[PDB]
Amino acid sequence: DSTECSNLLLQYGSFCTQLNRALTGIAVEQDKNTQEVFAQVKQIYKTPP
Amino acid sequence: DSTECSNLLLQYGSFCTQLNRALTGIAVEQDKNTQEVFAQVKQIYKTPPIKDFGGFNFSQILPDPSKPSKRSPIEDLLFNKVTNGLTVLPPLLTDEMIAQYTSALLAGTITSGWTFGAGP
Amino acid sequence: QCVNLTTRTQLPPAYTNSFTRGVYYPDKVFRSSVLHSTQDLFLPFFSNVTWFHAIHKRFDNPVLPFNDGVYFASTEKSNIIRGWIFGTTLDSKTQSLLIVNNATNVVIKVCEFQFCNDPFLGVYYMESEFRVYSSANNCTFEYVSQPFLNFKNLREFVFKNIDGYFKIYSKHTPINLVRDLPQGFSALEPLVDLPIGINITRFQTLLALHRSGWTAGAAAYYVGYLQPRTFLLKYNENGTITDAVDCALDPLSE
Amino acid sequence: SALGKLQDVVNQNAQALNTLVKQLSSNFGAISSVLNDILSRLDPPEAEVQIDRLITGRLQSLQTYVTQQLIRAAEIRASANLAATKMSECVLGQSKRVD
Amino acid sequence: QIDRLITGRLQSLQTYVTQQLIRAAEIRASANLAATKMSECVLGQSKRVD
Amino acid sequence: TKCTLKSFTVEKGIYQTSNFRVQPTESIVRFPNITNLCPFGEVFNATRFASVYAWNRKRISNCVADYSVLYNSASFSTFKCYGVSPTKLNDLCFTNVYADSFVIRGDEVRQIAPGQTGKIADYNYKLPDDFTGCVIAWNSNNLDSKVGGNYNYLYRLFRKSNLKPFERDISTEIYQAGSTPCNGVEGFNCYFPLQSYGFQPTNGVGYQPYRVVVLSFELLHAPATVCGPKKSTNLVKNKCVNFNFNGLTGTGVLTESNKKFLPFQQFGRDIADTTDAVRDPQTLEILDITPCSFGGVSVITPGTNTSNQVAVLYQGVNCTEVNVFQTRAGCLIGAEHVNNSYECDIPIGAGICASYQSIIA
Amino acid sequence: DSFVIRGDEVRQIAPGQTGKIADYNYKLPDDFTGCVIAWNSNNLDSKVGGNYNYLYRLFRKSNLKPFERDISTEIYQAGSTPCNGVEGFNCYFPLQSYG
Ligand SMILES: *[C@@H]1O[C@H](CO)[C@@H](O[C@@H]2O[C@H](CO)[C@@H](O)[C@H](O)[C@H]2NC(C)=O)[C@H](O)[C@H]1NC(C)=O
Ligand SMILES: *[C@@H]1O[C@H](CO)[C@@H](O[C@@H]2O[C@H](CO)[C@@H](O)[C@H](O)[C@H]2NC(C)=O)[C@H](O)[C@H]1NC(C)=O
Ligand SMILES: *[C@@H]1O[C@H](CO)[C@@H](O)[C@H](O)[C@H]1NC(C)=O
Ligand SMILES: *[C@@H]1O[C@H](CO)[C@@H](O)[C@H](O)[C@H]1NC(C)=O
Ligand SMILES: *[C@@H]1O[C@H](CO)[C@@H](O)[C@H](O)[C@H]1NC(C)=O
Ligand SMILES: *[C@@H]1O[C@H](CO)[C@@H](O)[C@H](O)[C@H]1NC(C)=O
Ligand SMILES: *[C@@H]1O[C@H](CO)[C@@H](O)[C@H](O)[C@H]1NC(C)=O
Ligand SMILES: *[C@@H]1O[C@H](CO)[C@@H](O)[C@H](O)[C@H]1NC(C)=O
Ligand SMILES: *[C@@H]1O[C@H](CO)[C@@H](O)[C@H](O)[C@H]1NC(C)=O
């Protein structure tokens, strides 16, 4: 929460934006992986009683 | 162009050589990828001038003679729908030759089935 | 010479909406068809700006805190508003800045002035009354320039004190609205940078009387305050700012 | 959004190049991001320190760019290997593989 | 002092993000393999040995 | 290529070995018009100078000062600076200049100095120990002196205490030489402080009147309005030159631009925040800044076991800016272009390949 | 390297210093290795009438290189007017003695 630290960190440019973008890409990639693996049918089939 | 900056940069060694070599490896890897994907035939096949395929129409996927780029209407639509020391190296295969490779593959799979992929 | 004005009518100050006004060019750099995000002293969109009137009996000339910058909006006809008073203590103890537009030219002076309690100019129906100061002792900077100037004219000004530089941004707009600020977009061009190097914490508008006692001509002005924030400015093909986004207004613009 | 997969690759490459350009405008703790201003305003004993700060910041930016380019190159190589497999098995023959 | 702490923590975070990207690529390859097995082994009968 | 690969044998292929640079040929510095000059003509060459007890102080501010004309003038018999250099006055910038003008005796010219003790120093004009600026003095026997004696120039002879730096004293209080009470009445030991000089044309060197102007510089937190002159050179277009426009420096080719700037805008930026358009300060015209044609130098060779012939590819470089052939990849020197089509042996790019059979492309 | 200087000028016998004898009398390189030794010699290098045997270069056109010695007793041109080897207005001897 140090404002002086953030003011000094702004001198380094968009490193933080790059890291956040990469982590966001990984986070959406995991959901894409689960969607690709398990959601291969659009009909919810049910077994007979 | 600062000579003092380069003199100070020489203290760090061969970092620049490693970065250039990694980028060169990526650049040749892209050409290798295109070569593996599209250059799977060594014979350039053409369709017959008469398009008598028993009612099957391939005009949307065969190259258009009216267009200077020799692309298919689908390929033309696809190409229309895609829009300090830095250099961009051109790809080894131009778009015309990639279109020619796809045309050869289409002619082979239309006129010869899967036989051209396994032999003559 | 000073004169107390004792025929005023007591009324609370008004307030109104800023809409999307107060935008100015942050720098002297041309940009073409590009979106630029900048962090500077900007006026917030849709903010609460103080509204002062000059009508007959209303004569609104108070002294207000400068804060970090001043947005001055003027719905003006017949040129009642003529200049501004800039300083800290507004007396001969400190050094003050005077901006005046008389009948011929604009004069900008940084000197040790003795301000009157009620400073004004006057037009006789011909300008023949100047009662804004009583003395001028130590001048450090003088600058004479070309004149900047139903309500027919809209005058936007931005005053900033950054690193001893006084930035005056201005824009002239032809309007035909009767009472309030019109809704629209107009980016303020940089007009003049002043090497003043002085402390300024208070300001005061300068009006003009109409003599034929005194009568106040119909004019209205608005004071807004500049806050440090981020704007996303759109630059067209011709390089003018046509639209802006306030990054701290609502989550959509964020 | 039919051709979003190619557009994503083009946008990522262009955005990475733009970020690498924009990293030059950062001083990385130095007095200025311009080497000419440092060389003209300071003597070489302190200009060496300021230039060294700019050098290490720009070198870190370039290493970051090359690393993410290598990762994207690996992803594109995997996609191209898949595309070559589809070219061999779907176009040059009939595939029994489901989906 | 904050400059030293910032450069150390930024190097640590960049190292972590690089490792996460490599592991995410590996998991993406594994997930593509799993999707291929779901398509070819569950939704059909595969002639591919092993 | 052998140097780059760290080997004495080179395998067949293309190897990026160097980086072609278009070297800058000229330096173009364009600075705006040198107008609003500081009024040094009315201080050094005024009609009547002031006395030393009431030295005239002129404030030089909000102008550009040409110290080269003042320094190169041969009329000045003394030009001594104590905080700056005379040859660096045209390069440095100051907030304001105080010009102190007076007339003194020729023997008292040395008394306007830091650390110097004299009657003029203690009672008429005092300089600080950390004084910055320059003292200029010149003889004025032909103008100030009169055959009947010029008694107009007065000087203070007596005061109880020494002066503070940059302090005036125009008071005419009667001095007390002794301890007797004086209520403004002159007596045996009470004299008027201001005495007149004895400037005569028959006097030798040392008693002639000398006009002294002392320039003092201030370097406060106020902006540096007073700066030295700017020597703008001629403008050269269509060449890779080092440009310096109003403090914005760089290297580029300056061509004519079709971008119509608004009158308040000076420079132009693209999406990537690089200056690609600029306005010349001398003549209000818009110039595009194209980056110089940097490129990669690649060497195309067969094996050294086969042959020692090589070809050079300059990537993204036109052939007029370096067996010369123009490709979309760049300029290829040393390869004979043929109309026949063969298999790719050494990849050049953009559909161009090289082979050995001499080297053909 | 042995010489005699003032008491306040001992800070200028150092790498990276801006000063007068640093520029026109004795310059140390930025990568200098070694030791600077200074000691007071008022008992030996001073006279009651003034010891003027130690001289320094007041005037020079340009700063020296590190480990560069200038013993040339040529006149200096401090103004636009050439001096032609003769002292005069803005023509001064470069070597002045300590009092
Ligand atoms: C094959 O398909 C093409 C396109 O679908 C047909 O070309 C169309 O022909 C009709 C009448 O001749 C025209 O009105 C259309 O404008 C044509 N379309 C285009 C895109 O040119 C073609 O007739 C079909 N049959 C054969 C044998 O080629
Ligand atoms: C106009 O009114 C103001 C407000 O009272 C007057 O200012 C005061 O004048 C008296 C006169 O002796 C001073 O003692 C006060 O100190 C002043 N007030 C302040 C806040 O400074 C002003 O003088 C009036 N104008 C005239 C011409 O009389
Ligand atoms: C502006 O401020 C006044 C009082 O300061 C308040 O009464 C008014 O509601 C405010 N306007 C808005 C739009 O919030
Ligand atoms: C306007 O003010 C300037 C500056 O004091 C003065 O020279 C000029 O005469 C004034 N004009 C009128 C019409 O009063
Ligand atoms: C300011 O003015 C007063 C009175 O006119 C004078 O005594 C004082 O010396 C002046 N100061 C400066 C800095 O001019
Ligand atoms: C400026 O003026 C205000 C109010 O008079 C004061 O609080 C502040 O300290 C001043 N700042 C400076 C730098 O003098
Ligand atoms: C830009 O200026 C041209 C005139 O050169 C004009 O035709 C065009 O409409 C302008 N466009 C905008 C968005 O202002
Ligand atoms: C008088 O001095 C001024 C100094 O600015 C100079 O410009 C001018 O030429 C001088 N006059 C003569 C007659 O030399
Ligand atoms: C500046 O000097 C040039 C010299 O040719 C002249 O053409 C121009 O009118 C002057 N003024 C401006 C504002 O450029």
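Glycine gets a Cβ as well: all are built from the backbone with ideal geometry, and neighbour counts include every protein chain shown. Quick note: the coordinates plus some simple rules give every number you see, no bench work behind them.
Placing unit charges on the Cβ atoms of the charged side chains and taking the dipole of chain B about its Cα centre, the candidate lying farthest along the positive direction among B:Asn80, B:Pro48, B:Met97 is B:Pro48.
Looking at the protein assembly as shown, the DSSP beta bridges with both ends there are about 90 percent antiparallel. Averaged across the residues of F:257-263, what count of C-beta atoms belonging to other chains lies within 10 Å of each residue's C-beta? Mean partner shielding for this stretch: 3. If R0 equals 30 Å, the separation of the Cβ atoms of G:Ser80 and F:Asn56 corresponds to a calculated FRET efficiency of about 0.55. Taking a point 7 Å from the Cα of C:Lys77 along the Cα-to-Cβ direction, the residues of segment C:211-254 with backbone N closer than 14 Å to it are C:217-220.
Which of the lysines could a cross-linker bridge to D:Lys96, judged by Cα under 29 Å and excluding same-chain residues fewer than eight apart? Hits, sequence-local ones excluded: A:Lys32, A:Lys42, A:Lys46, B:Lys32, B:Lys42, B:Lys46, D:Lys5, D:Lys86, E:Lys37, E:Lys47. Peptide B:108-120 shows a mean partner chain C-beta count of 2 within 10 Å per residue C-beta. If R0 is 41 Å, the Cβ-Cβ spacing of F:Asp130 and F:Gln200 corresponds to a FRET efficiency of close to 0.60. Need one word for segment F:1-142: rounded, prolate or oblate. Basis is the Cα gyration tensor (sqrt eigenvalues a ≥ b ≥ c); a/c below 1.5 gives rounded, then a/b vs b/c decides. Because a/c hits 1.5 or more and a/b exceeds b/c, segment F:1-142 counts as prolate. By the Cβ distance rule (another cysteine Cβ under 4.7 Å), the unpaired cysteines of the protein assembly as shown are A:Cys5, A:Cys16, B:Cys5, B:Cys16, C:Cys247, D:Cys90, E:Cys41, F:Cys3, G:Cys35.
For F:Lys164, a cut-off of 25 angstrom between C-alpha atoms picks up these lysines, skipping any fewer than 8 places away in its own chain: C:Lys93, F:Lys58, F:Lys80, F:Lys119, F:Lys126. What separates the Cα centres of segment F:159-206 and segment B:54-69 is a distance of 112 Å. Cβ-to-Cβ counts within 10 Å put F:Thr1, A:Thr17 in ascending order as A:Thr17, F:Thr1, the fewest first. Number of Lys-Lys pairs in chain G under 18 Å by Cα, sequence gap 8 or more or different chains? Close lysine pairs found across chain G: 4. Note the angle between two axes, namely the Cα long axis of helix A:15-38 and the longest principal axis of the Cα atoms of chain A, as a number of degrees from 0 to 90, rounded to the nearest 10. On a 0 to 90 degree scale, this one is about 0. Computed over chain D with a Gaussian network model linking Cα atoms closer than 10 Å, the most mobile of D:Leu59, D:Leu42, D:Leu20 is D:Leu42. Going by alpha carbons, how many degrees (0 to 90, nearest 10) lie between the helix axis of E:2-37 and the longest principal axis of chain E? Result, in degrees: 0. Using only side-chain charges placed at the Cβ, +1 for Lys and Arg and -1 for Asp and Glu, the dipole size of chain A relative to its Cα centre rounds to 400 debye. Taking a ≥ b ≥ c as the square roots of the eigenvalues of the alpha carbon gyration tensor, segment C:15-105 is prolate, as a/c is not under 1.5 and a/b beats b/c.
Counting only residues at least eight positions apart within a chain, or on another chain, the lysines with an alpha carbon under 18 Å from that of F:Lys231 are F:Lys88. Working ranking of peptides G:46-52, C:88-94, F:314-320 by packing, defined as the average number of other Cβ atoms within 10 Å per residue, highest first, is F:314-320, C:88-94, G:46-52. Sorted fewest first by neighbouring Cβ atoms within 10 angstrom, C:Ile85, C:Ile168, B:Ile61 come out as B:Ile61, C:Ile168, C:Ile85.
If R0 is 25 Å, the Cβ-Cβ spacing of A:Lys46 and E:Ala34 corresponds to a FRET efficiency of close to 0.55. Cβ crowding within 10 Å, taken as a proxy for footprinting-reagent exposure, orders F:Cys3, F:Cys344, F:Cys81 from fewest neighbours to most as F:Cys3, F:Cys344, F:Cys81. Placing unit charges on the Cβ atoms only, positive for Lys and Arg and negative for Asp and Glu, gives segment G:1-94 a dipole magnitude near 120 debye about its Cα centre. Under the convention that each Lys and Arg Cβ holds +1 and each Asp and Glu Cβ holds -1, the size of the dipole of chain F around its Cα centre is about 820 debye.
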